[PDB]
Amino acid sequence: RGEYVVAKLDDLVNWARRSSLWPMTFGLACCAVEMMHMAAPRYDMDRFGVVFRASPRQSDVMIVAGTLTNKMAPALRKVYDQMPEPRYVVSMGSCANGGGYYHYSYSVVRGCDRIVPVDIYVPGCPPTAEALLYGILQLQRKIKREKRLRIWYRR
Amino acid sequence: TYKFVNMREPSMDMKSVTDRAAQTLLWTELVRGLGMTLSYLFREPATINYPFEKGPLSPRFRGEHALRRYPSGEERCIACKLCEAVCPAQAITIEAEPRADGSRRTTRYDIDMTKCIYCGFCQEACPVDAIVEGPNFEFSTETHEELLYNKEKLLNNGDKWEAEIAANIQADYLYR
Amino acid sequence: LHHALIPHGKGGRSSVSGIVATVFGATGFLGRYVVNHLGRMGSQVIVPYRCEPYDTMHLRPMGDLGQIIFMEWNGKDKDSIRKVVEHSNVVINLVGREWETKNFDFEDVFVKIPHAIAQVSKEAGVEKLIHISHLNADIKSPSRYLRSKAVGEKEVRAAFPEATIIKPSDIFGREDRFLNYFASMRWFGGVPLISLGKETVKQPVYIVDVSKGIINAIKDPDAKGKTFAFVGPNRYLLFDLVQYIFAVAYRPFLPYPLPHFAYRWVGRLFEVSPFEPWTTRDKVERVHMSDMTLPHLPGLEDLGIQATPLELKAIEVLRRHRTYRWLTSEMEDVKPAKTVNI
Amino acid sequence: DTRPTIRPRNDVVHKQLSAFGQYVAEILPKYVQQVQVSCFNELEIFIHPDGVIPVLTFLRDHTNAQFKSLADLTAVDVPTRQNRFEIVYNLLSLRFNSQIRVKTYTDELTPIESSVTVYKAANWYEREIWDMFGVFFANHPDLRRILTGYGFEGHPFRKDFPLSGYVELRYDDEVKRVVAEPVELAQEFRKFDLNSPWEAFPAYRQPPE
Amino acid sequence: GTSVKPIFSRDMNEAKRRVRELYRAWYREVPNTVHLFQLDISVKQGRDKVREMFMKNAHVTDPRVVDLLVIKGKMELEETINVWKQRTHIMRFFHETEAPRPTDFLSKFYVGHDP
Amino acid sequence: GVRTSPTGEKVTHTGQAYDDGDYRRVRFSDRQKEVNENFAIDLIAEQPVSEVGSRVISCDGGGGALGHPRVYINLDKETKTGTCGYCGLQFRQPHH
Amino acid sequence: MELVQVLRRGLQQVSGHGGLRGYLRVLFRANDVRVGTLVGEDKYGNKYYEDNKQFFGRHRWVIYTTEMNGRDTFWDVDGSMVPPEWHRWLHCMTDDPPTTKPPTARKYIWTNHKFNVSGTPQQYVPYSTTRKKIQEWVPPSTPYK
Ligand SMILES: COC1=C(OC)C(=O)C(C/C=C(\C)CC/C=C(\C)CC/C=C(\C)CC/C=C(\C)CC/C=C(/C)CC/C=C(/C)CC/C=C(\C)CC/C=C(\C)CC/C=C(\C)CCC=C(C)C)=C(C)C1=O
Ligand SMILES: NC(=O)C1=CN([C@@H]2O[C@H](COP(=O)(O)OP(=O)(O)OC[C@H]3O[C@@H](n4cnc5c(N)ncnc54)[C@H](OP(=O)(O)O)[C@@H]3O)[C@@H](O)[C@H]2O)C=CC1
Ligand code: SF4
Ligand code: SF4
Ligand code: SF4
Ligand SMILES: [Zn+2]
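Residues numbered from 1 in each chain as written, not as in the entry; some residues may be left out. Chains lettered and ligands numbered in written order. Part of a larger assembly, values for the part shown. Heavy atoms only, no water.

Per the PDB record, the structure was determined using cryo-EM to 3.4 Å resolution.

Further remarks concern the coordination of the zinc ion (ligand 6). Coordination angles at a metal have ideal targets, namely 109.5 degrees for four tetrahedral donors and 90 or 180 degrees for six octahedral donors. Residues and elements named next belong to chain F. Around the zinc ion (ligand 6), the donor atoms from the protein are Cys59 (SG), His68 (NE2), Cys84 (SG) and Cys87 (SG), and they sit 2.1 to 2.3 Å away. In this structure, the zinc ion (ligand 6) is surrounded by four donor atoms whose angles at the metal cover 87 to 133°, and the resulting shape is tetrahedral. We note that the donor set of the zinc ion (ligand 6) lies within a single chain, spaced as C-x8-H-x15-C-x2-C. Of this pair, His68 sits in the loop between β2 (56-59) and β3 (71-74) while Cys84 sits in the loop between β4 (82-83) and β5 (90-92), and the two are 16 residues apart along the sequence. With a relative accessible area of 3%, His68 lands in the buried category. (Donors = N, O, S within 2.8 Å, 3.2 Å for Na, K, Ca; no water. Tetrahedral: all angles 85-135°; square planar, octahedral: opposite > 155°, others 65-115°. Helix = DSSP H or I, 4+ residues; strand = E, 2+ residues; numbered from the N terminus. Buried < 20%, exposed > 50% of the residue type's maximum accessible area, 1.4 Å probe, protein only.)

Looking now at the site of ligand 4. Near ligand 4 the following residues occur: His65, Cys87, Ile92, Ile111, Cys116, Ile117, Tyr118, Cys119, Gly120, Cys122 and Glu133 of chain B. Residue composition of the shell around ligand 4, grouped by class: eight nonpolar, two polar and one charged. (Near = heavy atom within 4 Å. Nonpolar A, V, L, I, M, F, W, Y, C, P; charged D, E, K, R; others polar.)

All names here are of chain C. Within the secondary structure, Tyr145 sits in helix α4 (residues 144-159). Note: C-alpha distance between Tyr145 and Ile46 (99 residues apart in sequence) is 27 Å. Among residues more than four places away in sequence, those in contact with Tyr145 are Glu98, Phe106, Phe110, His134, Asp282 and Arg286. (Contact = heavy atoms within 4.5 Å.)

It is worth spelling out the interface of chain B and chain G at this point. If you look at the interface, chain B gives 49 residues, while chain G gives 48 residues. For the pairing of chain B and chain G, the buried interface totals around 4,100 Å² over both sides, and the portion due to carbon and sulfur atoms is 55%. When the buried area of chain B at its contact with chain G is split by residue, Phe52, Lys54 and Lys160 of chain B rank highest and sum to 18% of it. For the pair chain B and chain G, the number of links is three salt bridges. (Buried area = accessible area lost by both parts, 1.4 Å probe. Salt bridge = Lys/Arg side-chain N within 4 Å of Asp/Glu carboxyl O.)

Quick look at the interface of chain F and chain B now. On the side of chain B, 25 residues touch chain F, which itself brings 23 residues to the contact. Across the chain F to chain B interface the summed buried area is about 2,000 Å²; carbon plus sulfur atoms make up 52%. Where chain F packs against chain B, one counts zero salt bridges. For the side of chain F that touches chain B, the residue count by class is 11 nonpolar, 11 polar and one charged.

Let us now look at the sheet that holds strand β12 (residues 339-340) of chain C. All names here are of chain C. Taking strand neighbours across the sheet as the criterion, the three strands line up as β8-β11-β12 in an open arrangement whose pairing is antiparallel. Each edge of the open sheet carries a strand with a single partner, namely β8 (201-202) and β12. As paired strands, β8 and strand β11 (residues 235-237) are joined by two bridges and run antiparallel to one another. Across the sheet, residue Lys202 finds its bridge partner in β11, namely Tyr236. (Pairing = 2+ DSSP bridges.)

Below, the discussion takes up helix α1 (residues 12-27) of chain D. Residue and element names in this part refer to chain D. Taking 1.5 Å as the rise per residue, α1 with 16 residues should run 22 Å; its terminal C-alpha atoms sit 23 Å apart, in good agreement. Looking at α1, one finds that the buried residues are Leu17, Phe20, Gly21 and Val24. Mapping the buried residues of α1 onto a view down its axis gives an arc of 110°, with all of them on the same face. Along α1, the residues that are exposed and aim more than 90 degrees away from the buried face are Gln22 and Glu26. Buried positions along α1 lie against β1 (32-37), β2 (43-47), α2 (52-61) and β5 (98-106). (Expected span 1.5 Å × (residues − 1). Arc of directions from axis to C-beta.)

Here we come to the arrangement of the chains. Comparison of the 15 pairs of chains in contact shows the highest number of contacts for chains B and G. Nothing in chain D touches chain G; the tightest C-alpha to C-alpha distance between them is still 13 Å.

Note that the residue after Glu85 of chain A, namely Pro86 of chain A, is joined by a cis bond; omega there is 0°. Unusually for a residue other than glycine, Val138 of chain G sits at a positive phi of about 45°. Within the secondary structure layout, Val138 of chain G lies in the segment after α3 (84-90). Residue class for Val138 of chain G comes out exposed when judged on its relative accessible area of 67%.

This part covers the pattern of salt bridges. Residues and elements named next belong to chain A. Throughout the structure, instances matching the rule amount to 74 salt bridges over all chains. Put simply, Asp10 and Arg150 hold a salt bridge, and the shortest N to O gap is 3.7 Å. Highlighted residues: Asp10 in helix α1 (residues 2-19) and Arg150 in helix α6 (residues 148-153), separated in sequence by 140 residues. With a relative accessible area of 1%, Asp10 lands in the buried category. Classification of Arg150 as buried rests on a relative accessible area of 15%.

Take the site of ligand 2 next. Around ligand 2 sit 26 residues, and of these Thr27, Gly28, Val95, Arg97 and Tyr145 of chain C come closest. Residues near ligand 2 are shared among chains A and C, making this a multi-chain site. Between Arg155 of chain A and ligand 2, the recorded distance is 3.4 Å, taken from a side-chain N or O atom to an oxygen atom. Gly28 of chain C has a polar backbone atom sitting 2.9 Å from an oxygen atom of ligand 2. About the coverage of ligand 2: the protein hides 93% of its 910 Å² of free accessible area. Looking at the shell around ligand 2 residue by residue, the classes come out as 15 nonpolar, six polar and five charged. (Polar contact = N/O pair within 3.5 Å; in protein donor to acceptor, adjacent residues only side chain to side chain. Areas by Shrake-Rupley, 256 points an atom, 1.4 Å probe, with all protein chains shown as cover.)

Here we take up the pairing of strand β9 (residues 177-182) of chain D. All names here are of chain D. Burial within β9 is extensive, with five of its six residues counted as buried. Taken together, the six bridges between strand β8 (residues 167-172) and β9 define a ladder with antiparallel strand orientation. Within β9, the position partnered with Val167 by the bridge is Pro182. Counted between consecutive antiparallel strands, the loop separating β8 from β9 contains four residues, among which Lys176 sits at a positive phi close to 55°.

Let's shift gears to the sheet that holds strand β3 (residues 104-112) of chain B. All names here are of chain B. Spatial strand order, β2-β3-β5: three strands in an open sheet with antiparallel pairing. The strands lining the two open edges of the sheet, one partner per strand, are β2 (92-98) and β5 (148-149). Sheet analysis places β2 next to β3, joined by seven bridges and oriented antiparallel. Its bridge partner being in β3, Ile92 is matched across the sheet by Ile111. Where helix α5 (residues 151-160) meets the sheet, it contacts β3 and β5, and its direction lies at approximately 90° from that of β3. (Axes fitted to C-alpha atoms, helices over the stretch in contact; angles between N-to-C directions.)

Here's what the structure looks like:
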């Protein structure tokens, strides 16, 4: 039946997307250091299929790791625009989540969500590299639960 | 006491210069560089098998905030507002009101995880060990609003991680 | 008003406005824009959706955290509509489709679904329901889109007597399928106007104008029961309109008269596609109807919003279509297309 | 020791710093207004704002001073003073391993000669004082905002400036742009009035006026 | 006491001269911003905004103040020239997303408790 | 004990329940109202009142450093039982 | 000599994991084939192994349960599937497993360790936990006038 065929196509495409999540080298602050430590041998992003890649044209997930300030927010929004779809935003740290320590400052965006649609909120100051890996795996399951071709079949 | 890190003049004996020319032509330190990486590939990798294998922690680890309670069942919090008055990020909001029994307990105890800095200052300030930073750190959420913790959510965390948090405090209270 | 619906603040994101609303079909064109305005003033939006949640991602960052709430709903399920409209002051109906899918014809998305929305909204107890139709809505128009829209308007009026009915003429914007349609027609050789397109008069209205009109109608205490008609300020001849569209895009213009039945065949051929049907018979028809002037119906100016002429807001739409050659030319380089006087 | 908690006090350094303070006061009586050594052995020279270029140069070039490193250059804003802005120069002498402080005053609309000619490190520092406080430094190679965002309106570090500013940022889909809006916080900064109404230190007791 | 140091100009006329040449630079610039920054507002729609910005602080009379805003406007021109400001930074001058605010007392009373 | 409001919303220990004519309940549909079933108001009630045989008694909450600051309760009024202000445990003189 | 023993213990790898079928089960599920002493098991089904010979970090590990709380976890697993009592032992925060040293029991402690409830309709929605502050006048019902 057509539903089974589109189901299997959904599983294949979602598996590819979740098993080759290519992130972006967009570290901003101390939350980037853990972003490096999970790339360090101990946790090693590489075994999970995730390999760092600059040039947003060839990346899927943006881990906004660090404080997002007013002077940088236009750059972050523009760079998010460069990403071809599908795209995902993982927010690392309290600063990139809702403001963190400098939530009441004059030149800090009170949450990265106000600029891009954040897909996964990873809490911490900074989050432990295990916690960030957990957030990435949660995003992976999110991609696994996508129903693109199913919705197309029931257009 | 100081040392000259790069103050070495190379010897100009015929043997020395022959060795330098051999290293230049027949790449020698380059071969050493290859050999080092060969030696480490043959070595054991350091990666752990997350999530089936977890990196080591300590009983002092700071994670998800949680409200504890006495063994009787009554909450430890008495709304003294030390944690709210000491939080560097002003992430705690407390509203108190005398309960029906008479004990002073928070009618609202909200901790904003999206604004928290996980310093642990609240758990030091608490005179009754009511608010603690639990061992949990894998509590990422898909939406922002789920990170704005209420009193009920914090009490649920306290009731859930109580087995771990009681042991962690038991193994660390003597240092404090 | 309830104790939490009393307006508070200064109109910013974190301000209680009291416009708790449901926008059916928010995931597309004006459905996005309206939400933005609803998000801007600080109103709790109960945006329902049937598509993949990823497609609702651009819906997320226009409201303060906790304001926008997404729910799953199905057109042929009264329980879903009841769930989404149970706690809401206003229910805005923006459900539509330029084509007829296999599981949804024109009547389903313009009569049946609006009927269910209006009936369930009346049962729940909402105070305002803004239904959206087309200006050229007629029970005898050849295109099934406009005919279905007319019967849907009558049904919605019957079910919700005080429902505000807004009849926009033609929305042009960054994603409009009206200016981008003409611009994208460059791929298929020349632009094949029917009878050279010298008999059709179109009155396009800016998207921001329509969304602001919806917001004002919600805020206006007299929009209940009324039937507004949202049209642009000028009336363009279709050939002159395409001339302006291709001049602002600086693409070569190759007009080509085309017999009506041959264009119907072309529309069928494009309808065959099991994906986004670039052109349908309804589509090729509608671009040939003139915009029926309805002076009796109240307009945008009554709501207090001045229509923005297409010339000022045409560079936004067609700057993407320009090649690298005329990618930086200013807005005043191309002279406004001559307009037949209203 | 008899004082296991009280920080040890060095008096030889106090005598040396006092001697050098008198030395500098005698050398440049034109600008040196008042010199004082703190209890923790730090010497501060308060000069007239016209003595910014001369005095620094002396401290940079004299054989007995040899202060050849501008460690820090900052300003402190005290609204209750006439010339609220108070520019502070911190200098370090590597030959006599000694730190000196030269502090001058300036109001909102009075310029200060740029010390870029003397201390080329000041070039960026000056801009910061301009950006954070608004003190304009004349004869500067290039004065510009260094920390605030482009198009910022105001001087953040001024006391008469809210810590949350006046304008926040957002992304608007209608204009497809990162727009700026008037500030509106979800939770207002709870201003805590923590100050004991009992005098703390009898030593620093201001005489009544 | 009543007499204090000058910034750049030594009278109001020289300050007006500096204001005049700053307006010269801005007026000459504006179309270059419209083209280079890919703005969609009309050229005149930016020149009149330059005029309005100049007319905003047209009430000041202390010379030193006038030199101060001359330097500040020079800095903003400097940012605009070498693409240091961006499209969003320039567009902030035209407050677009801001809803229009009312001026009559009656609407303010209807909308909220503010002066 | 947690009970149900007429709308259907469970009331918390703080007596919080959104009104029927309140739009905020929209947040809870397709979700649940996170409440704590273990009510401290009830849980402290059935704890037995200790028959202390002295005029005053010291309570630390149990565990020394694990408990609350030690406070001394005066058990002199025969009409009431001395209750610690930190943990809520009651004490009573042996029938005086 | 060590080559032969090395080839041999690769067969103890398949023998320990209940034969070939269990060998591919653990290989495709937990991505490892290493064996270890069964330190314990929890009520949810996760099996908890330890091998002190492994270097610090992989001396203890979990094979997660196939099913927990009405959710198939045969293929998708996460770090929140660890019950609180065993999370201490797994993360090397103690050397006492719950089997030997069991955590103290109390009434308020849960009996079913819910995993991360994000995404599922059992999410957490923030809300005000306080009552109203200002009351209304509730005008009388008699027309009177
Ligand atoms: C001082 O402060 C600092 C900060 O302070 C705040 C900072 O923030 C930052 C900034 C922060 C960062 C940079 C973050 C940290 C980043 C890192 C540490 C980087 C870590 C990187 C890694 C772990 C990964 C490195 C990558 C490696 C080792 C290898 C990559 C190589 C690859 C090959 C990757 C794979 C990619 C590709 C494209 C291959 C896949 C493609 C294929 C297989 C295609 C196959 C196709 C087919 C088979 C087709 C077959 C067709 C057939 C048969 C027929 C077809 C014909 C038809 C007709 C259809 C820095 C630097 C900083 O310093
Ligand atoms: N020029 C114009 O386009 C004019 C349009 N209108 C009316 O405005 C409304 C919105 O127009 P516009 O935003 O451009 O349209 P779009 O096609 O861009 O968006 C239509 C919306 O309706 C939803 N929808 C369609 N069919 C169904 C269905 N069967 N069940 C559930 N949801 C459904 C879509 O969901 P999804 O995104 O998942 O498909 C989407 O959210 C329509 O009623 C249209 O006729 C009025 C005047 C002029
Ligand atoms: S959340 Fe904490 S660690 Fe992350 S950037 Fe902000 S302050 Fe640094
Ligand atoms: S640990 Fe968290 S809640 Fe406690 S004071 Fe620090 S930031 Fe606030
Ligand atoms: S410090 Fe402890 S007892 Fe005091 S209010 Fe905070 S949680 Fe309650
Ligand atoms: Zn007690």
